[PDB]
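Shown next as structure tokens: one chain only, the form deposited in one PDB entry.
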């Protein structure tokens, strides 16, 4: 009775997070010496994954919020493990503004399986309603969170940021949500 969301969560963990998280702190260490310690404390150490529950496709990190500003690429990560033979990965550091002030800095990215989930909704043969897509998106999140909890070392370096985007609201600030999560990790 396992469904599409379940396979997406597992695959993303085994297929991406597994490869990306263990080298994370070292990658950050190098960055801080290199960049005068932007990635200052907890809340800067984690890899933040954006998961918009959206009727539509989310905006690029470059455009989505003026208060979200690309600062620097993290050092590259080299992968020669398992199925993956000599693959190079990268992560971006963003400055987060609040009230026109630098309010946070962190490593931020969308969850790639969104693209896929999306494509599966559009496909004519087995396409499923926006309601059905969201159903699957919600579950993928729960399932992925449930995975991460089991594995604390992977879990330490990683946070899921899932939020509803109002299609029709005057204001949603991605920056505020991120700050909200970064600060919420008081502990």
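Heads up, when I say rigid core I mean the largest set of C-alphas that superpose within 1.5 Å between the two forms. Residue numbers count along the first chain shown, from 1.
Not pictured, yet referred to below: the form deposited in another entry.
Colleague: Aligning on the rigid core, do we see the C-alpha of residue 172 shift 2 angstroms or more between this form and the one not shown?
Modeller: Residue 172: C-alpha displaced by 2 Å or more between this form and the one not shown.
Colleague: Taking the rigid core as reference, does residue 84 move its C-alpha 2 Å or further between this form and the one not shown?
Modeller: It does, since the residue 84 C-alpha is displaced 2 Å or more between this form and the one not shown after the core fit.
Colleague: If you line up the core, does residue 34 shift 2 angstroms or more at its C-alpha between this form and the one not shown?
Modeller: Residue 34 C-alpha, core-superposed: shift of less than 2 Å.
Colleague: Might you say whether the CA atoms of residue 107 and residue 57 end up closer or farther apart in the other form than in this form? Their distance differs by 3 Å or more.
Modeller: Result: closer.
Colleague: Relative to what's shown here, the Cα pair residue 106 and residue 56 differs by 3 Å or more in the other form. Does it come closer or drift farther?
Modeller: Compared with the form shown here, the C-alpha atoms of residue 106 and residue 56 sit closer together in the other form, by 3 Å or more.
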